[PDB]
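All remarks here apply to the structure that follows.
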Amino acid sequence: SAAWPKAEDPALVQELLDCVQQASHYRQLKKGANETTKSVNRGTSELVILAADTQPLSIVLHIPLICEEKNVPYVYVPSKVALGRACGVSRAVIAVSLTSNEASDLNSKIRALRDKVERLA
Amino acid sequence: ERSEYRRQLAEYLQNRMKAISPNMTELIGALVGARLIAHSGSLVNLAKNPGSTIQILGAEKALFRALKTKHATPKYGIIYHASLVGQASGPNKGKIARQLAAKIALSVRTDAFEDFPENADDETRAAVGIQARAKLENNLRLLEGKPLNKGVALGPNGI
Amino acid sequence: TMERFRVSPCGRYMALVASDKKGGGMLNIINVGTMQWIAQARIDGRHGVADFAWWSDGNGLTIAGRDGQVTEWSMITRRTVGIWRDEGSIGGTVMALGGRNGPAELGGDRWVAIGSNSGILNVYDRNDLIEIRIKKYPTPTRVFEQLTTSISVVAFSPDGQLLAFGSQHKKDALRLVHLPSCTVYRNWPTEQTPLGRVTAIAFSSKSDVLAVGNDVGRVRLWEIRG
Amino acid sequence: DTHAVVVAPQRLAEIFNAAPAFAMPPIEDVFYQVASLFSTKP
Amino acid sequence: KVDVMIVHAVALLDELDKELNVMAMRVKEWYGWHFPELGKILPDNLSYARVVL
Amino acid sequence: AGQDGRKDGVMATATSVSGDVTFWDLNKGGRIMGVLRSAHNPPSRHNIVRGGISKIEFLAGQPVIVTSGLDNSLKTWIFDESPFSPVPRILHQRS
Amino acid sequence: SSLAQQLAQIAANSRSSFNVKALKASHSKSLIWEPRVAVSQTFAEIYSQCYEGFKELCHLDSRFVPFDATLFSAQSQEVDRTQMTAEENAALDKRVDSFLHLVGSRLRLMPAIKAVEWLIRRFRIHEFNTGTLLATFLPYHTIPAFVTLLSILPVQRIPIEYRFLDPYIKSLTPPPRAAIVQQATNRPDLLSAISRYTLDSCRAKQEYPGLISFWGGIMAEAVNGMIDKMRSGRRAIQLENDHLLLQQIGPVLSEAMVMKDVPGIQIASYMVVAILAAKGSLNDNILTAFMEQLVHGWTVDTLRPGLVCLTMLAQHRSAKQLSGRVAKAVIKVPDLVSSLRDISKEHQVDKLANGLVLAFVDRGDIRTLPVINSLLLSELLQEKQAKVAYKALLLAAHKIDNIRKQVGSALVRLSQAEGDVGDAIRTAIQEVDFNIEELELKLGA
Amino acid sequence: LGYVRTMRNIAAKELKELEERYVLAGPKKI
Amino acid sequence: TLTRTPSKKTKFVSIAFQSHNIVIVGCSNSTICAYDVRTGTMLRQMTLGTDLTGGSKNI
């Protein structure tokens, strides 16, 4: 379909979820469509993960345009409710996006993660 | 002649708006949607906004004053004169402001990206705005009918 | 290690779990006829097998491996019947299985419960599980989320009626689900009903008595009269 | 075997508080709505 | 479906309404010399121009 | 009586194998209206605790109604008005 | 200040003013105009305008003519209720009540409102028949008329159940229906009162679908919430609360089902008992009681919804058979199989049908056979149900002492049933191990 | 927080502008 | 390029075709990947355990 940087590779997806979970414990992660778009417009973001199986996909199709412009990688998981309870909020997040700081092993993990995404491209 | 010209102009505006973005004019109405698109510059220029941007779309001086000096933020922009929020009340008006914000952002991305197989009736095309209309008007009638606070019923004596 | 194991209700076989994680965990099947190795089911995972349960006939056994894979692995064929997924839970921790008049070729057990690490605990139906071809994404019967931490006991009234499921990490995480109506109870357990930090539960074979036990190491008991 | 149903009181209240009492759709209609809610049939 | 029409249209409508306002008050004063009580009784400028017609 | 407290025709019945008294509203066809459950202690043959109810009087003209049992207890009950009461409340007791 | 307690008891139990100030305010409370005119509105023009509205109402609806004679005559224009005797006052009250019950239909109409305004500014209905007017306005509880009445109501005069509208009097906005239903759930008295009002109306044949819909909705939501309260866990409190709820609702429920005249209110009683058995896990004696009663009470105009209620009742039942007259009436129901098929297209009629056929095989009358065969070929029962039905049928044919000819014709028809019903029948024959051929030759010979 | 974010946005844009200006003022070629 | 594996240490050693569209590769981190070639998607990841005779965990 349109979700062309699809990530179905299982160990890849599991690493993405776990990194999100770690980042959720580090408060460096924004939960939801609207907030994702705010974070990327303000540029602070460094990676963005979406969900393929939303019913009108179009409510997240606006993100890849902006991230192609402002040059940050984005990648789709296949399961929204998995992403949601990966954040740990009990309601199916459709869009999570996690940003940078100065000195963090989490920042390192992010860099390796976006390298994996650029591999998937 | 000028008056009639404006009248038929508004007729065109509503029709052409139904032609472009049926979801949004199924939510709010062509005029306020037009004002939004105007301040947007373009449809996609709108659809890259987030929900909170749409909630306060317009009130730019007021917003940036209250932020740049840490005052209370404005609650809404053109959505105030939009049709649905007039039937709320006060604290309800704020809650409707948020909810109408997010569902508008939904509808705009929907009409702005979701393709249609072009043998597509307008109703099947605008079903999502219709859904939003229904759910949201239900929620508005609920919060309107939120009860009040039971107080102990006094009789004649203090008893 | 021989830490975790579960015995067939038929009482002939026993299943031990191989402490060797590496991309996929396996559980050995050992006859208690002669305590001999007779089978080794291997499931994929990312850490190995969270939990598993014997189907009520005995013929197969259901293996809930972490990252939510559920293998159903036969015994009479002794090859995997089917694979499907818990509906997107990050790390499965406990499963269990029970009920009556579920589909016979999956052994004839009916409700199957799966508990995440995240705390959400789903309940599925196996007559819904069939598409032999299996539904790769059962939309779950319900997706219970009263609890809020990692689920540790998930157990079944052996007459297929009550469900107990309870988290240990917070004080008093024990919730009780009626079935087949899948509604969690209200009147129990209350704020003041002494559970503790529940660590193991068990209903009787008659399913009249419930016993529960906590980190202080004490047992409580409740009659279950409807 | 069958049991007592379980309903969301928000659902029942939604049924009735949909519309004012006068010009509410007639009682057979609303009865079919409500009994269909309470129906013990999957 | 392009919306440059839309943005042009609403600019035009806003300016149009404003100029309708000022010329409506213009004709209000412009007849009020002959008949000011008309403008007093009728506040709706549209109907007011209508009855001037 | 008549589910509005206004009408008359109420009667009270008592056994001695239970300790629960019963109030009928006679008016339409003689419906039940309520049970003062366990006014006295419920009688039991296996139990040391004596129970069972001796007699009941509605005293004349007034909505008090005096009960006594076996278990050394004389209680008095009364209906209110402005909440209508199916079952009375206790307004004396001696045990 | 025990003195002051006594005095305020009297002074809010007053019924007539005695300083001019309280006189003027008591006259100036009114519905249409403002106080600052109603003060010195004298007692002609009130009768004038209101009688004009009265003429409009009388030309619309017929039966207002005795009220024209008795409550709007020029002597009524100056009758001073304040100075008659008590029995007079009560007779007046009855006339007042009957007028309210008739007029509450046409309430959204201005002449009706004017009529009530006459009633208030002359007889002070809002002060001396408070509960009735509040009752007959409660159904329209969303409307500006209701808020205005809420304004002019006297506080301590509001009946003790309806006291809960006082914060709305402090804040003149209408209460919403959830607030009403919550007070209805907590108290028995308000619910008893509403039901008794609307029962008075339909006893009087003055009901109307808006009011009935109102009453049904409020009763239904209230009973739902009440069972939500009465649930205990503890066995005895669950039992006693079942008893208690049954006491508070039973009589109303009785007359409401059995009132053959009023179709919608019969449907409403059906609705509420359906919920009652559906969520209130009740006991088979009581369930059969309700079944038998609606059996006695239904109409043809209410027949299909009452049948839906029958399905729900027998399905929530625990036993497997029906009690007699229920079977008699369902025999009397004409379009049974078609109707239950249309019902079971959304409603699962199984236990109902089982109880039917079990009662029919208990019947030993032989006018029930075509019914029996039709329900057997219906494909509505389960396999064990059809089998044990055939079993009891053969056992009836064994115990019977013509009748044998009819049961044999029925039996050969069911043995030669074609589809899965016939397969289950022949399965029942195979497990019962009795010879179809023996009975076939015995009946054909 | 809101105030801090706005000033952050403005300064971010300014760093963007200044970076562009710095670069345009001033194994690479094969 | 059909796809590449997620990680960088996943070395490929063996290849064989189950059917027309269904390729099997056996690969360094103890894994056997079943890919569908046509879309290029990852049908299933088979997996092998630790070599408990010698060291060097990854079979």
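Residue numbers start at 1 in each chain; chains themselves are named A, B, ... in the order of the structure tokens; ligands are numbered from 1 in the order shown.
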
Could you please select, counting only C-alpha atoms, the residues of chain B within 8 Å of chain H and state them as JSON, numbers by chain? {"B": [67, 68, 69, 70]}

All residues 9 Å or closer to residue 188 of chain C, only C-alpha atoms, same chain fewer than 4 positions away omitted, as a VMD selection string: chain C and resid 175 to 176 193

Based on the selection just made, write N, CA, C and O atoms of those residues as a PDB file, in the first residue's frame.
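Final output, result.pdb:
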```pdb
ATOM      1  N   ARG C 175      -7.956 -10.100  40.615  1.00  0.00           N
ATOM      2  CA  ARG C 175      -9.253  -9.783  40.091  1.00  0.00           C
ATOM      3  C   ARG C 175      -9.887 -11.059  39.597  1.00  0.00           C
ATOM      4  O   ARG C 175      -9.200 -12.023  39.252  1.00  0.00           O
ATOM      5  N   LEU C 176     -11.207 -11.061  39.573  1.00  0.00           N
ATOM      6  CA  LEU C 176     -11.978 -12.270  39.385  1.00  0.00           C
ATOM      7  C   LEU C 176     -12.971 -12.051  38.273  1.00  0.00           C
ATOM      8  O   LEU C 176     -13.782 -11.133  38.357  1.00  0.00           O
ATOM      9  N   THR C 193     -10.280  -6.587  51.981  1.00  0.00           N
ATOM     10  CA  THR C 193     -10.279  -8.035  51.999  1.00  0.00           C
ATOM     11  C   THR C 193      -8.857  -8.547  51.851  1.00  0.00           C
ATOM     12  O   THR C 193      -8.240  -8.326  50.808  1.00  0.00           O
TER      13      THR C 193
END
```

Expected answer as a PyMOL selection string: strand (DSSP E) residues in chain F: chain F and resi 10-13+21-25+31-36+53-57+64-69+74-78+89-94

Taking only C-alpha atoms into account, what are the residues of chain C at most 10 Å from chain A, put as an NGL selection string? :C and (23 or 45-46 or 67 or 86-91 or 116 or 118-120 or 145 or 148)

Quick check for you: according to DSSP on this backbone, which residues of segment 13-150 of chain B are classed as helix (DSSP H, G or I)? Reply as a ChimeraX atom specification. /B:13-20,22-27,30-40,43-47,51-55,60-68,78-80,84-87,91-113,122-125,127-144

Write out, as an mmCIF file, in the first residue's frame, the residues just selected, with C-alpha atoms.
```
data_model
loop_
_atom_site.group_PDB
_atom_site.id
_atom_site.type_symbol
_atom_site.label_atom_id
_atom_site.label_comp_id
_atom_site.auth_asym_id
_atom_site.auth_seq_id
_atom_site.Cartn_x
_atom_site.Cartn_y
_atom_site.Cartn_z
ATOM 1 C CA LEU B 13 -18.688 29.116 -1.790
ATOM 2 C CA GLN B 14 -20.812 26.500 -0.094
ATOM 3 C CA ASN B 15 -21.175 24.425 -3.246
ATOM 4 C CA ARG B 16 -17.502 24.538 -4.206
ATOM 5 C CA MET B 17 -16.615 23.735 -0.601
ATOM 6 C CA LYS B 18 -18.789 20.646 -0.681
ATOM 7 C CA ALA B 19 -16.985 19.787 -3.893
ATOM 8 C CA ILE B 20 -13.514 20.029 -2.390
ATOM 9 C CA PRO B 22 -17.044 17.431 2.012
ATOM 10 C CA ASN B 23 -15.903 16.099 5.357
ATOM 11 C CA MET B 24 -15.085 19.465 6.824
ATOM 12 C CA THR B 25 -18.253 21.126 5.624
ATOM 13 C CA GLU B 26 -20.117 18.121 6.974
ATOM 14 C CA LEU B 27 -18.591 19.006 10.309
ATOM 15 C CA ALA B 30 -18.457 25.994 4.417
ATOM 16 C CA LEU B 31 -17.933 29.531 5.663
ATOM 17 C CA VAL B 32 -15.831 28.814 8.706
ATOM 18 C CA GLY B 33 -14.020 26.080 6.816
ATOM 19 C CA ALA B 34 -13.287 28.656 4.170
ATOM 20 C CA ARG B 35 -11.886 31.030 6.759
ATOM 21 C CA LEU B 36 -9.660 28.232 7.971
ATOM 22 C CA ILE B 37 -8.432 27.395 4.496
ATOM 23 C CA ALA B 38 -7.851 31.091 3.935
ATOM 24 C CA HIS B 39 -5.571 31.527 6.889
ATOM 25 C CA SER B 40 -3.997 28.225 5.888
ATOM 26 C CA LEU B 43 -5.662 22.663 1.997
ATOM 27 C CA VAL B 44 -2.454 20.737 2.597
ATOM 28 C CA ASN B 45 -1.122 23.797 4.379
ATOM 29 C CA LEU B 46 -3.973 23.269 6.765
ATOM 30 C CA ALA B 47 -3.565 19.531 6.969
ATOM 31 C CA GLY B 51 -5.149 19.612 16.417
ATOM 32 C CA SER B 52 -4.209 22.285 18.868
ATOM 33 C CA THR B 53 -3.165 24.589 16.062
ATOM 34 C CA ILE B 54 -6.614 24.176 14.631
ATOM 35 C CA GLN B 55 -8.162 24.793 18.039
ATOM 36 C CA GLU B 60 -2.299 34.825 16.914
ATOM 37 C CA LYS B 61 -1.673 38.136 18.679
ATOM 38 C CA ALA B 62 -3.680 36.999 21.681
ATOM 39 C CA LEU B 63 -1.926 33.653 21.829
ATOM 40 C CA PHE B 64 1.535 35.036 21.478
ATOM 41 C CA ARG B 65 0.909 37.793 23.975
ATOM 42 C CA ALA B 66 -0.272 35.348 26.601
ATOM 43 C CA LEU B 67 2.639 33.055 25.916
ATOM 44 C CA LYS B 68 5.422 35.622 25.635
ATOM 45 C CA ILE B 78 -12.708 30.966 14.462
ATOM 46 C CA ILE B 79 -14.275 27.855 15.920
ATOM 47 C CA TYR B 80 -16.121 30.180 18.272
ATOM 48 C CA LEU B 84 -21.599 23.605 16.719
ATOM 49 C CA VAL B 85 -19.985 25.378 19.665
ATOM 50 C CA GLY B 86 -22.802 27.842 20.077
ATOM 51 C CA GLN B 87 -24.949 25.141 21.557
ATOM 52 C CA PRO B 91 -17.037 25.247 30.560
ATOM 53 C CA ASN B 92 -18.819 23.082 28.079
ATOM 54 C CA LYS B 93 -17.758 25.543 25.397
ATOM 55 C CA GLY B 94 -14.155 24.816 26.206
ATOM 56 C CA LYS B 95 -14.634 21.071 26.181
ATOM 57 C CA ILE B 96 -16.397 21.256 22.835
ATOM 58 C CA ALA B 97 -13.612 23.508 21.613
ATOM 59 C CA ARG B 98 -11.037 20.789 22.189
ATOM 60 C CA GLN B 99 -13.146 18.006 20.818
ATOM 61 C CA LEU B 100 -14.169 19.886 17.717
ATOM 62 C CA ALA B 101 -10.538 20.758 17.225
ATOM 63 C CA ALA B 102 -9.300 17.227 17.058
ATOM 64 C CA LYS B 103 -12.146 15.922 14.935
ATOM 65 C CA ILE B 104 -11.626 18.767 12.493
ATOM 66 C CA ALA B 105 -7.976 17.847 12.109
ATOM 67 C CA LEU B 106 -9.139 14.333 11.442
ATOM 68 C CA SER B 107 -11.590 15.370 8.743
ATOM 69 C CA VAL B 108 -9.089 17.629 7.046
ATOM 70 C CA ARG B 109 -6.437 14.980 6.787
ATOM 71 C CA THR B 110 -9.148 12.603 5.587
ATOM 72 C CA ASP B 111 -10.346 14.745 2.715
ATOM 73 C CA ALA B 112 -6.800 15.868 2.080
ATOM 74 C CA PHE B 113 -5.287 12.461 1.549
ATOM 75 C CA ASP B 122 -20.582 12.408 -1.728
ATOM 76 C CA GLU B 123 -22.255 10.714 1.204
ATOM 77 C CA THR B 124 -19.973 7.688 1.122
ATOM 78 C CA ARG B 125 -17.216 10.234 0.596
ATOM 79 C CA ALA B 127 -19.142 9.371 6.005
ATOM 80 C CA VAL B 128 -16.329 10.186 8.456
ATOM 81 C CA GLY B 129 -17.392 13.767 8.985
ATOM 82 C CA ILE B 130 -20.901 12.365 9.366
ATOM 83 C CA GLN B 131 -19.732 9.974 12.062
ATOM 84 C CA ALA B 132 -17.980 12.863 13.776
ATOM 85 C CA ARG B 133 -21.131 14.946 13.622
ATOM 86 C CA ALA B 134 -23.162 12.213 15.242
ATOM 87 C CA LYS B 135 -20.771 11.188 18.012
ATOM 88 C CA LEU B 136 -19.954 14.723 18.885
ATOM 89 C CA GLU B 137 -23.503 16.038 18.971
ATOM 90 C CA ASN B 138 -24.317 13.164 21.282
ATOM 91 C CA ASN B 139 -21.481 14.163 23.588
ATOM 92 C CA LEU B 140 -22.657 17.733 23.570
ATOM 93 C CA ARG B 141 -26.159 16.799 24.613
ATOM 94 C CA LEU B 142 -24.684 14.680 27.427
ATOM 95 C CA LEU B 143 -22.537 17.382 28.965
ATOM 96 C CA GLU B 144 -25.453 19.720 28.588
#
```

My list of candidates is G:334, G:233, G:217, G:444. Which is closest to residue 26 of chain D when distances are computed with only C-alpha atoms?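 Selected residue with least distance to residue 26 of chain D: G:217.
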
Mind listing as a ChimeraX atom specification which residues of chain A are within 12 Å of chain H, counting only C-alpha atoms? /A:38-44

Would you work out the distance separating atom CA of residue 27 of chain E from atom CA of residue 11 of chain E, expressed in Å to one decimal?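 The value is 24.3 Å.
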
Using only C-alpha atoms, which chain C residues lie at most 12 Å away from chain G, written as a PyMOL selection string? chain C and resi 185-189+224-226

Using the selection just defined, write its residues with N, CA, C and O atoms as a PDB file, in the first residue's frame.
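See part_8.pdb below for the written result:
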```pdb
ATOM      1  N   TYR C 185     -15.775  -8.901  38.284  1.00  0.00           N
ATOM      2  CA  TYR C 185     -16.653  -8.725  39.416  1.00  0.00           C
ATOM      3  C   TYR C 185     -16.490  -7.350  40.013  1.00  0.00           C
ATOM      4  O   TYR C 185     -15.490  -6.674  39.779  1.00  0.00           O
ATOM      5  N   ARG C 186     -17.490  -6.929  40.777  1.00  0.00           N
ATOM      6  CA  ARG C 186     -17.382  -5.736  41.586  1.00  0.00           C
ATOM      7  C   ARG C 186     -17.250  -6.052  43.043  1.00  0.00           C
ATOM      8  O   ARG C 186     -16.396  -5.476  43.704  1.00  0.00           O
ATOM      9  N   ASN C 187     -18.035  -6.969  43.553  1.00  0.00           N
ATOM     10  CA  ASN C 187     -18.121  -7.049  44.990  1.00  0.00           C
ATOM     11  C   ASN C 187     -16.958  -7.769  45.617  1.00  0.00           C
ATOM     12  O   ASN C 187     -16.982  -7.992  46.829  1.00  0.00           O
ATOM     13  N   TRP C 188     -15.944  -8.117  44.840  1.00  0.00           N
ATOM     14  CA  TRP C 188     -14.818  -8.801  45.422  1.00  0.00           C
ATOM     15  C   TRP C 188     -13.646  -8.693  44.479  1.00  0.00           C
ATOM     16  O   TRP C 188     -13.837  -8.806  43.269  1.00  0.00           O
ATOM     17  N   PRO C 189     -12.452  -8.463  44.968  1.00  0.00           N
ATOM     18  CA  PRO C 189     -12.149  -8.227  46.357  1.00  0.00           C
ATOM     19  C   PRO C 189     -12.109  -6.771  46.667  1.00  0.00           C
ATOM     20  O   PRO C 189     -11.724  -5.939  45.864  1.00  0.00           O
ATOM     21  N   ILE C 224     -16.854 -20.406  47.539  1.00  0.00           N
ATOM     22  CA  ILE C 224     -17.156 -19.699  46.304  1.00  0.00           C
ATOM     23  C   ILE C 224     -18.647 -19.613  45.992  1.00  0.00           C
ATOM     24  O   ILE C 224     -19.011 -19.397  44.825  1.00  0.00           O
ATOM     25  N   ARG C 225     -19.523 -19.680  46.994  1.00  0.00           N
ATOM     26  CA  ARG C 225     -20.928 -19.971  46.724  1.00  0.00           C
ATOM     27  C   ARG C 225     -21.593 -18.900  45.862  1.00  0.00           C
ATOM     28  O   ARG C 225     -21.530 -17.704  46.161  1.00  0.00           O
ATOM     29  N   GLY C 226     -22.180 -19.336  44.756  1.00  0.00           N
ATOM     30  CA  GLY C 226     -22.821 -18.420  43.837  1.00  0.00           C
ATOM     31  C   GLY C 226     -24.060 -17.768  44.417  1.00  0.00           C
ATOM     32  O   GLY C 226     -23.998 -16.652  44.928  1.00  0.00           O
TER      33      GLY C 226
END
```
